[PDB]
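First the structure, in the form of structure tokens, and then the observations on it.
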Ligand code: CLA
Ligand SMILES: CCCCCCCCCCCCCCCC(=O)OC[C@H](COP(=O)(O)OC[C@@H](O)CO)OC(=O)CCCCCCCCCCCCCCC
Ligand SMILES: CC1=C(/C=C/C(C)=C\C=C\C(C)=C/C=C/C=C(C)/C=C/C=C(C)/C=C/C2=C(C)C(=O)CCC2(C)C)C(C)(C)CCC1
Ligand SMILES: CC1=C(/C=C/C(C)=C/C=CC(/C)=C/C=C/C=C(C)/C=C/C=C(C)/C=C/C2=C(C)CCCC2(C)C)C(C)(C)CCC1
Ligand SMILES: CC1=C(C/C=C(\C)CCC[C@H](C)CCC[C@H](C)CCCC(C)C)C(=O)c2ccccc2C1=O
Ligand code: SF4
Ligand code: SF4
Ligand SMILES: [Ca+2]
Ligand SMILES: [Ca+2]
């Protein structure tokens, strides 16, 4: 079927770590993390518990830093139970500590990306214009 | 006012703790016992 | 009168004992 | 359905500004209201010969006989959007059941010789972990409940 | 056993076949000769066309192979009784399964051992109070 | 794996083997019935426990018994 | 393939699927089925489990004390126990908003708090504990006792301290120690505590661990105990004008027997309770000297059993000693039965003869405790039957118990089950017919045709104890019976307590009580029928004469022979659970509605509507739900909001059980295989391989999970109704 295998899909299915050509277990989940906390901020941008307060761009950050932590355990703690130790012979995702480092994208990755995404939203740059009420001139 | 009882800084830690302690360890224990596996 | 503040802290230190003894009995029952 | 659970828990916690209502996080149905307005403006645009709308539920006047009303515009809001999605969900599950009843009456990874067993049969033994209610007859038996629930 | 000769049946592929575990853990294959080119139903779904002469098809588990075998001899006038079911290992180890001793397990045959045969009635099984605390069941003794 | 036994009440009619869908049961020559044969279960490793044998038994109560046991990948009928 | 879960059963470990987890949990405490488990290690592991469990119970009690002494308004409630609502524990939920915050700041507390409905304030103020420091000291003592028992278990698991198998199989000594010490000495020491602390505390006299060695509980010491005359302890009893906690209207008596109710607290008298414990302590100590030990004199149970034979029972009770002594399931089934009967008795006694001060006036606590104990006993009885089935499956020896009274039960089991079915039909038919007849007759505007049967046989028994509202003039209702002229000290109190139209002591009954009692009789007969056919036909039948070879709990036998679904002795327990829950629903509806009538002074409502079912469906379910469903509204949120949420929650869980109970496995196995294919073909997901091969829940697990969800949604929903509807009209 075209959706399963086509011209663009044949490469894109084979372009993210566990299918990507020659990607190290350090970057084992770059996208798998760069795409997490960035879209987890969406539902917390205009809908959260703290959507109508002064920290509209804070609850989402902390909730993402917690949910990524949950999805990291649900990744590594299982990885160890599907494969023992050392590495494998085919793919570096299916590897033991390789899967323990599959979190290296959740970790560091999201903790910095979801951080900067709202570090740009809480602020608004210092540039404005203010009237004058002195008369002393 | 939340804590009309003595030592109001305990119930806080106690509720989160049980929150991220007992079922976390419980779900992890079954996992760990699934880990031994057996490749033959 | 009501209950003191340090006695609530004395409660956790004493509760350390049943937790520890129950841990011992639990590990002894696993065999 | 999770929307209803969330609304019940919010109204139970005493948090009105966190609900999916017409006075909070609104879930307004834009498409249905738009087609209502389309059917309302029919006699003067896409139906010059038509004098009145097809139904007054889409929008228009309020016809009443004796002391009771006959039909009036049915304003659609959050409480209508949620129940429409509930209906869609229940119908989807019923279709899933009654469809797996036909796409697997012949065989399956569980039972490869199911076609021999016929249409109406209880199972194929407690083996394979449990082969209870695999026939198309059992699937219709299950789909009856979901049609009722929808 | 030595070689699995056979032509793959005419089939446009389906999602009911073997999977990743079925290739890595174990899969099953069945070899048979067809007197002509006809259509047969797939135990995984759909209808396929078996090639004339020796055929070969790989399936997930054994029951699928035996379900196809019980179909081959019953539906077609040139009945296929030479279908041979093999279990394939991840190391290429292929062993014979069905038929066992070249003859169908239905009719009797010389050269078979009595497995699971008991010399009693079911109403003659021992009482569970006599074997408790022992790793044996009333039927295992 | 499941346990399959065959008792001396068996008349050797091959019905339980004609109903078995995994080639678990066979027939060996015996000396108890007119047919001089008794059911056999050499390949218990392929027995899923669908009770198709017991359903196809003619004697007063079963002559072949299936006792479910430690389920494995093959006994669970796993195709995935 | 085997891994290490579980480590006690290789069969469950070798399972390579997800089932390996589930059966690894549901067989945790089934020690008899472990790998190579011997008969001695079994009993020893069970002994250590008993030690740990005693410790667990004491830790729970310690927490109950701690939260009352810490967050509860115990001292305030002592001041005004009839107007100040007790406090259970404080709330620490970071999810509250404004309505719940304004509501739960109740019961005098300055924070959102939960009211107490377990009736422990009344118990603690009736004991004599009047300050939080006494409760705190008791909590510390229990925290030490639990560690004592934990270390006892840990030390007895050691080989040097490991008790022998012959020690566990000692019946003639365990009884003589449990009766004379665990029952006799315990009751005697509790009576001593009641006399030395409770009675002085009731008279303003504080007696604690700092003065009890010097202050006597009576103006005359232990010498008047040695004096053959004992009337000096009857002395001047506490007058009818006595006031609790003060020396007003208080005398010097400690051991009385005047009976009746304390007119103020509407409860029992403390001196009477202490005297009762003293008498029964003497009785239990005497019982503790029956079976022989290391001094020759005494009984041997094995001889007494094997000596009671019969011309119509053959072997009588022969070899029953060696039978029961070796079957732990027999012992557990007897213990659960007796404990459930006495738990139902505790329930059926505390509501009409309350022993705690001012506990009769609080209606929610009293409505909760009774139903609590009744559900407890309703589980205990089903357990007593489920373990008897296991005795028949695993421990019944047909050669040891040959021709005795036990084997004859199996010889005529068809007749037993047949007559149980007959009596259940004879009940159900007519009870349902009369209820439907009353409904049909009331719906047609003709309420003058209801078949209202007068409960004569029970009202007459009430008359045999002093109830004069019916006027049978029999025994205690008749002033000329020789039972009244006995000079009994308890008669004047009992006669006054029984006939006052204010208490729950022998409530006036009518036709509605008669009909609900026959519905209760149906609920008992049918549940017992199911639990008895499951135990008798647990070894075999004509569908499966070899059921003994398949064990207790097994899925089935297959679709052959017509069908074998729900054929094990475990499935009969699974079926009878529903009947126990239905009977405990009927009983609790009865109790709650009649007590609403008694509390509101409107006994007429119950006595005139409980004869037709629409009265229950409307004047009880629909009528008393108004506040319940109004815990949280689009207008506000009150203190019932948590109960209004729990009601729907219980409904949700109860309805969730229906999925597991109606749809069966194969559908779900196919639906799971589809998802397995979906994952193993999804890019960026097949690389997420699973060690545990996911499988659908087994049939046994299916029925178990469905019954568990049913039971949770049955208990929680009715509790959220019973507490909410009670804490509104009277709380
Ligand atoms: C098997 C049927 C059955 C059962 C299980 C019960 C059970 C009960 N009845 Mg009851 N009763 C029955 C039949 C039954 N009754 C019949 C047929 C009548 C006459 C209509 C009554 C009249 C009756 C009265 C007046 C009272 C009870 C009461 C009670 C409760 C207290 C127990 C008791 O009174 O002693 C046991 C009851 C009996 C021994 C009745 C005899 C039942 C026999 C063994 C069955 C055969 C009956 C047969 C048709 C009689 C032939 C009649 C003849 C004229 C032809 C109890 C739960 C009391 C109550 O209401 O509790 C609050 C009460 O006051 N019953
Ligand atoms: C249940 C509510 C009220 C309903 C009506 C009561 C009937 C209940 C249904 C039971 C039918 C009895 C069938 C008898 C079956 C029968 O005929 O057995 C025959 C039996 C003859 O026994 P033997 O003379 O051989 O006795 C020798 C003994 O040593 C036994 O080995 O006669 C009796 O047992 C009579 C007593 C009945 C015992 C059974 C029930 C007893 C009721 C409870 C008694 C409590 C006494 C005080 C104990 C604390
Ligand atoms: C030398 C000796 C004598 C003098 C004895 C003296 C001077 C004192 C003796 C005291 C004795 C012998 C026993 C005292 C026992 C006290 C007990 C056993 C308390 C048990 C409490 C329990 C079990 C738990 C209570 C609970 C608590 C903590 C709560 O707060 C909630 C309620 C409940 C759960 C009930 C004499 C000459 C007289 C006789 C010969 C021996
Ligand atoms: C399964 C089984 C079993 C069984 C169990 C059970 C089921 C038990 C129970 C039981 C019960 C559940 C019982 C009950 C009962 C009843 C009774 C026991 C009664 C009575 C009576 C009396 C004696 C009374 C008297 C009197 C009166 C009338 C009133 C007033 C007072 C007086 C006292 C006078 C076992 C384990 C063994 C074994 C195996 C099998
Ligand atoms: C849904 C369903 C399934 C499928 C159910 C599955 C696959 C279980 C999925 C549930 C997951 C595991 C989440 C459950 C969450 C629980 C609350 C966790 C409890 C576990 C404890 C350790 C806490 C069956 O297998 C089945 C079998 C027979 C009759 C009816 C049914 C049935 O209705
Ligand atoms: S059907 Fe039963 S009795 Fe007949 S041959 Fe087969 S095993 Fe023997
Ligand atoms: S139980 Fe079923 S699979 Fe097993 S031998 Fe019998 S018929 Fe074959
Ligand atoms: Ca908000
Ligand atoms: Ca005191």
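Per Swiss-Prot, chain F residues shown: 2-81, in order.
Note: Cβ is positioned from N, Cα and C throughout, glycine not excepted.
With F:48, F:51, F:54 listed by Swiss-Prot as binding [4Fe-4S] cluster 2, the candidate from F:14, F:21 annotated for that site turns out to be F:21. Counting only same-chain residues six or more apart in sequence, the Cβ atoms lying under 8 angstroms from the Cβ of residue F:51 ([4Fe-4S] cluster 2 binding site) belong to F:22.
Neighbour counts of Cβ atoms within 10 Å were taken for the binding-site residues F:11, F:14, F:21, F:48, F:54; the minimum is at F:14. Rounded to the nearest whole angstrom, the C-alpha distance between residue F:21 ([4Fe-4S] cluster 2 binding site) and residue F:11 ([4Fe-4S] cluster 1 binding site) is 16. Proximity to ligand 7 at the level of Cβ atoms, with a cut-off under 6 angstroms, picks out none of the binding-site residues F:11, F:14, F:58. Cα of residue F:54 ([4Fe-4S] cluster 2 binding site) to Cα of residue F:17 ([4Fe-4S] cluster 1 binding site): a span of 4 Å. Compared over the binding-site residues F:17, F:58, the count of CB atoms lying within 10 A of a residue's CB peaks at F:17. Within 8 A of the CB centroid of the [4Fe-4S] cluster 1 site residues F:11, F:14, F:17, F:58, the other residues of that chain are F:12, F:13, F:15, F:16, F:40, F:54, F:57, F:59, F:60, F:64, F:65. Residues from the set of binding-site residues F:17, F:51, F:54, F:58 situated with their C-beta under 8 Å of a chain D C-beta: F:51.
Secondary structure from DSSP puts residue F:54 ([4Fe-4S] cluster 2 binding site) in a helix. Of the recorded residues, residue F:11 ([4Fe-4S] cluster 1 binding site) and residue F:48 ([4Fe-4S] cluster 2 binding site) place their C-alpha atoms 20 Å from one another.
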